[PDB]
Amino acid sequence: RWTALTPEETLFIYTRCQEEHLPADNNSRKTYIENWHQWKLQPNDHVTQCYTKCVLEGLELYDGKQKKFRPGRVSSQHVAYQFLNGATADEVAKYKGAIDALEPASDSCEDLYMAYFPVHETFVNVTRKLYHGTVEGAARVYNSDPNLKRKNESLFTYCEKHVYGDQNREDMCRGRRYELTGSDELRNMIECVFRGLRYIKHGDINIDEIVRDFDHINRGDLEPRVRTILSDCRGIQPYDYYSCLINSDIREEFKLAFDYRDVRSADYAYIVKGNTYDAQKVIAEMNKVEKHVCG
């Protein structure tokens, strides 16, 4: 059974797709951000088309494996949040039917846009209700469910408060200083963090995601070294890959990467809004939190 997406998940999708497809220029990027924020799939060009493909696949309305829309997932998305939604039976019926009629002829950006575009023009507001595409609807859901990570909340402090609670402050302090204490709480902590960073999904590690956090610190040159390590790690548990990285010649680079990613986890739109990498600010922020934790 397919599981509906949380507002954390869809916000991850939206921000990641914008990161991947917004142009690096300035005059160009502003148009795209302004339009996409209003859910306007304009202007119609390769940038917008591939952004559309990326969102459609992150929301998982389009299946890359089966290479086809899976319309039943619409229904799923709705039932999971059918009261907080604001969506009606008729709206979801028609949206599901329209998506059921789509056979895009291929899976390129251009063809998927050409297929789905009239559906989006017609049912954009249904899509925004179902997939938490408004600040009000997402806020309603967050408020209904205390187990979801919030917008401005760090993945790491979230996972800490779920895994350690108010117990083992000493082990949590050592863990936040990158100690391999080997305790059960630290293992669950690293699993929680890897799941939320998408370093691991459905049990399989995601080497491209770690590599990308290495690129984000201007250490792309380490990508091969980051692959060897992860491809040679014999375990399958997050703590295994974590320890492989910490007990390596790229330990300190890994900490720089991890800390930047923590900072960017407390605000999914960090790169969209235009923030850049600043090792000093990153570590200053980390030092404030760690001095509080180890207080």
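One rule holds for the numbers: they count along the sequence shown, beginning at 1.
Residue stretch of maximal mean CA temperature factor, 261 to 269 vs 244 to 252: It is 244 to 252.
Mean Cα B-factor comparison, 184 to 192 or 105 to 113, giving the higher one as deposited: For C-alpha atoms only, the mean B-factor is higher in 105 to 113.
Third assignment of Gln77 from its chain's C-alpha B-factors: Lowest third.
Record-listed C-alpha B factor of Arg198: chain third: Lowest third of the chain for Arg198's C-alpha B-factor.
Lowest, middle or highest third - CA B-factor, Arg16: Lowest third of the chain for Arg16's C-alpha B-factor.
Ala87 - Cα temperature factor, lowest/middle/highest third of chain: Highest third.
Position of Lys94 among the chain's modelled residues by C-alpha B-factor, lowest, middle or highest third: For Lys94, whose C-alpha B-factor we compare with every modelled residue in the chain, the answer is the highest third.
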